[PDB]
Structures are given as C-alpha cells and as structure tokens.
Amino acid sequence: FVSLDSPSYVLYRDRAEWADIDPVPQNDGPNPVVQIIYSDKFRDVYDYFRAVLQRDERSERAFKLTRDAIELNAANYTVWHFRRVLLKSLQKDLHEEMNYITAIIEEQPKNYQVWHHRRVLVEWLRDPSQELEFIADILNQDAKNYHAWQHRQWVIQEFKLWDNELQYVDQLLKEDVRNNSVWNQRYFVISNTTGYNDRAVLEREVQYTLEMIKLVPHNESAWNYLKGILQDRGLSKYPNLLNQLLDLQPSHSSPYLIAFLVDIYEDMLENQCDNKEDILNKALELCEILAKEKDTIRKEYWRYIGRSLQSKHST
C-alpha cells in the first residue's frame, strides 16, 4: 500500500489497524556492544516485526509488514524466512511475488537472500519461463554478478534449458572477451551437453580459444580456459600445441605463454617423454626467466616449480 519513503507513510505505532498488538523491543542487554543507533522508522518496523514473529501471526498485515522490514534491511534472512512462511499460509499469488522479487533484485543484485527467495519461488511454481530473460537483464548491468550466474546455472541445469546458452556465451564474449564469468559458463555448457571427449568438439574449442589468444595475447581468461580443457588428459598429450606456442613465443613472449610452456614440459617429464634431460633444462631455464624477469610477482612459485622438477626428474 504505502512505502517507507512515501509522503503518507505512517509509523506502525500510529496505525489503528495495529493498535491491538504490543510492539516487542530488541533486548541488547544492560551494557550493549556493537549497538546500532536505529532511526525511528527502522526501530518502529522491527519492534512490530518482533511482535508478529513472537506471536507467529500468519496474517495479511504481517505479510505487508515484512515488505517494509525488507526495504529497511534486505539482508535480514529471518524476515525473508517469515515472509515465505506467510506466502504459503496465506496462499499468496506466487506470480505476484515473482514481480516483487524481480524489482527487489534489480535494486539490490548483490544480496544472497533476494536470489534465494527467487529460486524458492521458481521451485514452488516449477516455472522458469522468465528466468533467462530476467538474468540477462541483470547481467546487462553487471556482466560478472556472481549470484546472477549461479542462479542461471541452476535454472539451466534444473529445467534443462541448454539449447541457447552457448549462443548467449558467444555474444557476451564478443562484448568482453576478458569476462572470466563467461568463459566459466562456456565450460559449464559444453561439459554438460556434448562434453569434451568428442574430439571434434575439443578441436573446435582449442581453435576458438587460440584465435581469441591471438586477438588479445594478454587476456588471462583465454589462456586459463585453454589449459582447463586439456589438463585432465595431460598437456603433453597434445604434441602439436607445443610447436604452435613455440612458434608464437618470439612474437608473443607473454608470461602466460611462457608459463604454459613450463606446464607442458612438466607433464612431458611426468610421462617418460623422450630427451628428458633436454626438456628438464628448458623447463628450468623458463622457470628462472619467469622468476627473475617475466613473472617476478610469482618468483616463489616458480622457484618451487624449479625445485619440484629437479626432485622428480633429475635422475
């Protein structure tokens, strides 16, 4: 009916329809700590929320009250829980509640409770028809919102809406190829649909990734994705990749390419590669280059790798 900022808003202690119930003040003890000096409006709403909660009143007035409590602090999970208890007890129209949660998330997209509430509603309705479009709108404002992506993966997997996600992924990568959240979604979609065992799919992904690397050599996400889709089988199982990266090294000696080479050498040595001594020497040289010049922030890591290699393959 009336919002906390509406000119005609009235404090609950002044509402005649609330006169029959006594407010319950918050007891912080005689010598309080981390005591928040609440505004009159904040305290007013929560004094009455505490009253309805204590009396477990499943009413329409209590339901409307939770809306104000939420506006005052959307992170109060106790209020959210009670609201859900009321939604069921009062048999409220869930599609109406969906419109409400949509507006709330738009206002506060970085909050755990609002996204969980929406998930519960979709679960109760078994209706994901609005999800992908709504999420897309949130992501249009913040393409990396963690909660948004998490909710998106849930909906897609729970209701099997895989059909158009790879196209969505491709669109967002075109907008920002550095968006690590989108590269994650890419792996999510492929691993759950075709999988990476299909050599045709893997080839397509390696070519796609290599192409992105050529376009933006210093974009770490693409390099991480490349390693991510080949690491389980073992980087040394892809002999042509080494040569191709070796040919780009002179013109693209970024720390990412140099590090990838070490990763390849590490795996090769672990698989009884030919010319072990030569591979080891090359790996140690790169580790030193990374530690001393190309990736000094990780010098301790690279020195550790150098020692590990020697403890495992020096013979």
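Residue indices: 1-based, along the sequence shown.
(request) May I ask you to compare 67-75 and 88-96 by their mean CA B factor in the entry and name the higher one? (result) The entry gives the higher C-alpha B-factor average to 88-96.
(message) Mean CA temperature factor from the deposited coordinates, higher in 41-49 or in 27-35?
(response) Averaged over C-alpha atoms, the B-factors run higher in 27-35.
(request) Could you say which of 258, 284, 264, 248 has its CA atom at the highest B factor, as listed in the PDB entry? (result) Of the candidates given, the C-alpha B-factor peaks at 248.
(message) Based on the deposited C-alpha B factors for this chain, I'd like to know if residue 168 is in the lowest, middle or highest third.
(response) Middle third by C-alpha B-factor.
(message) Sorting by Cα B-factor within the chain, modelled residues only, which third would residue 81 end up in: lowest, middle or highest?
(response) Tercile = middle for this residue's CA B-factor.
(request) Could you tell me which third, lowest, middle or highest, the C-alpha B-factor of residue 239 occupies within its chain? (result) It belongs to the middle third of the chain when residues are ordered by C-alpha B-factor.
(message) Considering every modelled residue of the chain and its Cα B-factor in the PDB entry, is residue 130 in the lowest, middle or highest third?
(response) Highest third.
(request) Relative to the other modelled residues of the same chain, rank the CA B-factor of residue 147 and answer lowest, middle or highest third. (result) Lowest third - that is where residue 147 ends up once the chain's C-alpha B-factors are sorted.
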